[PDB]
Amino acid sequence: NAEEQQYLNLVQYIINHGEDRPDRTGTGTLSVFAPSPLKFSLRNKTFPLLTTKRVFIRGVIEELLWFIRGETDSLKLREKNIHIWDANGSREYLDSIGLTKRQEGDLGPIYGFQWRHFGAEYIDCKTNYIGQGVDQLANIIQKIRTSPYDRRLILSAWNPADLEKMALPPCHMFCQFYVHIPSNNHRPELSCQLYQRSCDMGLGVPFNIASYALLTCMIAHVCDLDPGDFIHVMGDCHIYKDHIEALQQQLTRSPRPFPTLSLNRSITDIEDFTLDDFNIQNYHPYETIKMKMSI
């Protein structure tokens, strides 16, 4: 409600004050740099899925599960009717950035590969990288359980050495987790601060918010913690000019309270979650608003 209003207020702010700038995708964008971070409480099982707009949660979970497996083949998502990566993985796109010998769908060493094998030599999206590079995610879980107050709980996909091999350099670049000391005598809280260098407010941001709120909830669950807060920090925060009209109608809408999230099945290893382990109760959004990706 008020939390969702933050997002809506940022959208209105960019519409009314964003700088008009030239985009690589030819389309126009209104943009603001370093706006105040968005904050979402994950307490009481609350889950930050926007209500003023239908948010396809299934694809969010599938993408996260795919990242966790260290996968980089977009066909794995396409096989499940998730097409967000089809454009950046297309033969045409790949050739436009000089990746003429990359099979279609092989996005390169993006999120998943960096999260699980940072530093490993990338070959293709069919190779088994077990044991290569550093498994940041496993390391984070292990540290949380061993020295939860550690100040190095970083999960990062930003690898300068691999950028030229990626179909798209990471937008959600890195996040930091923090375990809070027990309030009163409750279960410790796990918070997450995400830094996103480039944020497509109309299309991407709602999914990214959900994505990290889920990840935080998953790692909290597997570590016997309760989820605390999700903090979304943004660099170039923008709106594609062909989304304005639609956002302005979304802006006339009133936020309903967020749904809740229950992690069922009692999963105990981050790698064990599956689509059906996620229980989102009481999600009642307004209709869906069509917002086309600008590739």
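Throughout, we count residues from 1 along the sequence that is shown.
Participant: Tell me which stretch has the larger mean Cα B-factor in this entry, 61-69 or 37-45.
Facilitator: For C-alpha atoms only, the mean B-factor is higher in 37-45.
Participant: Comparing average C-alpha B factors as deposited, tell me which of 273-281 and 19-27 sits higher.
Facilitator: It is 19-27.
Participant: If you compare 86, 224, 106, 200, which has the highest Cα B-factor in the entry?
Facilitator: Of the options given, 224 has the highest CA B-factor in the PDB entry.
Participant: If you rank every modelled residue in this chain by C-alpha B factor, which third holds residue 236: lowest, middle or highest?
Facilitator: CA B-factor rank for residue 236: lowest third.
Participant: Is residue 184 in the lowest, middle or highest third of its chain when residues are ranked by C-alpha B-factor?
Facilitator: Its C-alpha B-factor, which the entry lists for residue 184, ranks in the highest third among residues of this chain.
Participant: Taking only the Cα B-factors deposited for this chain, tell me whether residue 79 sits in the lowest, middle or highest third.
Facilitator: Answer is highest: the recorded C-alpha B-factor places it there.
Participant: Looking at the temperature factor on the CA atom of residue 100, which third of the chain's modelled residues does it land in?
Facilitator: Answer is middle: the recorded C-alpha B-factor places it there.
Participant: Where does residue 90 sit by CA temperature factor within its chain: lowest, middle or highest third?
Facilitator: For residue 90, whose C-alpha B-factor we compare with every modelled residue in the chain, the answer is the middle third.
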